[PDB]
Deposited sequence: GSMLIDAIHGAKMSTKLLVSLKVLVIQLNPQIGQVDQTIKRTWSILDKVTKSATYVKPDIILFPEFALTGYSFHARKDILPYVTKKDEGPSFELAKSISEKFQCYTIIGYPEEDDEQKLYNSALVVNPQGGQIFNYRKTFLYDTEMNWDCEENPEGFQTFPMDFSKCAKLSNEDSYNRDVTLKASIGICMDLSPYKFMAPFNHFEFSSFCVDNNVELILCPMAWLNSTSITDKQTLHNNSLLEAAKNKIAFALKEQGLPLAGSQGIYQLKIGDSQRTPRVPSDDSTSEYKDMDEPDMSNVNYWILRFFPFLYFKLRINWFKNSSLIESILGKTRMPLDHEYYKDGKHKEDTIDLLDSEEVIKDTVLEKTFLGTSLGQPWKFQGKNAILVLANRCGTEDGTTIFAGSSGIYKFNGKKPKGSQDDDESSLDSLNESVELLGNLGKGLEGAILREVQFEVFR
């Protein structure tokens, strides 16, 4: 029934800029070379890249992004992922701009197996403001799940070596997917992480292009020629004081290969959002990210929610996706009916509580992998970097101080690089 798993996870962090695709690919191979020659190197089972890993992110018009979109099985991103997976006998996931046969555009992440074949293609479900510039499409399928077959990565309790295979249940969420829909939905919906708990996902993968707080996100301040020129000054000063060009760091690689140094548990304040110390993570965003996975976190007040049955209506009333989403446009889908209660309903959760248990994830394990880009674009937007690997142990605050999540390691906020962690956990079969 119980099956211990050992998994080796490699995350790549990049600073891509528009019109530098070949230079970005070359720096990638440069990083991978330094990983192999590391003192404590081990062959990874899986490798994760950020959102739009090779192309840059801030496209202003459809005509600007068109020179870089590709098919899911064609182009520089696919060929790079194919070359990498065949060389390491591993899974590789990379974010890229996609075009289909009907000339429609998506923000996507493709999956390539250890045999060099593309087994999956996920499309972004919750869109960001920038996507509207080139008329990006929402995923018609909403959030999705897929299996991943790992070889010789598991063992029984009394066994001594990992000589057993294991198929894990995985899911990909891209950047905005972790946020409330359109920044208008209720915060406590936790759409993506709820989906992951409901469907019993064991491995969560998140390519990202997530912003540091000092970024300029104001409609009034970005459209006024006088306000914007004055607004950029702060950002321009922030990077000059770090001894970096406005576009941020490139070609100087931070490596954390095989070490077991874990990220310190720290609360958020008015200092943790500052763009300083490029080799250290943005702990404001790290705390925020953990918060968006609330259903996986231990919370004392759940027992009161369960005993008082104050969430039954929410659990039963909750739909699979937001009603105005692409999901229902072309989908299509109660205590009063004569229909019976299906297994699906008993798997449903809200705020981590199900109909049968106060905390559904209690006693389970799951691994979270975030690959976020670094650097800067347009002199207005600062990406937060800080890629990392996390473990939800499911044992008995709303940040990194919560010991039901383990912070296995993070990269810094401002440097390109890579981190490898050998992750141990357990599943039930």
Deposited positions without coordinates, collected into consecutive stretches in sequence order: 1 to 14, 345, 349 to 353, 417 to 426
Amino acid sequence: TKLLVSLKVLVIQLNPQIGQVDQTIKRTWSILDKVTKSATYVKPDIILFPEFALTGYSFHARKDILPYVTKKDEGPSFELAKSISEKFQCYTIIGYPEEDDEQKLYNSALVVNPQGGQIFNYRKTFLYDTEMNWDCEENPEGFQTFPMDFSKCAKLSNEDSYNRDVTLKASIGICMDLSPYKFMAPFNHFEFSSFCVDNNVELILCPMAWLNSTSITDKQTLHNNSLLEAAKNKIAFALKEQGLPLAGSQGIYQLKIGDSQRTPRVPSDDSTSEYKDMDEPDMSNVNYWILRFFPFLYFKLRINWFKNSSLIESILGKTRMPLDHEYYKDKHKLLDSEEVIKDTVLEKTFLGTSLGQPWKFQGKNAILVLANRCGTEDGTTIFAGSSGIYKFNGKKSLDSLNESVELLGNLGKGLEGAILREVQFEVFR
From here on, numbers count along this sequence of modelled residues.
Compare the mean C-alpha B-factor of 262 to 270 with that of 220 to 228 as given in the PDB entry, and name the stretch with the higher value. 220 to 228
69 to 77 versus 119 to 127 - which carries the larger mean C-alpha B factor in the record: 69 to 77
Going by the entry, which of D177, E202, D198, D101 has the most elevated CA B factor? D101
Residue with highest C-alpha B-factor in the PDB entry, from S193, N285, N113, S310: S310
Please place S404 in the lowest, middle or highest third of its chain by C-alpha B factor as given in the entry. middle
Could you place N158 in the lowest, middle or highest third of its chain by Cα temperature factor, using the values in the record? highest
Is the Cα B-factor recorded for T40 in the lowest, middle or highest third of its chain? highest
Cα B factor band for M208 (lowest, middle or highest third within the chain): lowest
Can you tell me whether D277 has a C-alpha B-factor in the lowest, middle or highest third compared with the other modelled residues of the same chain? lowest
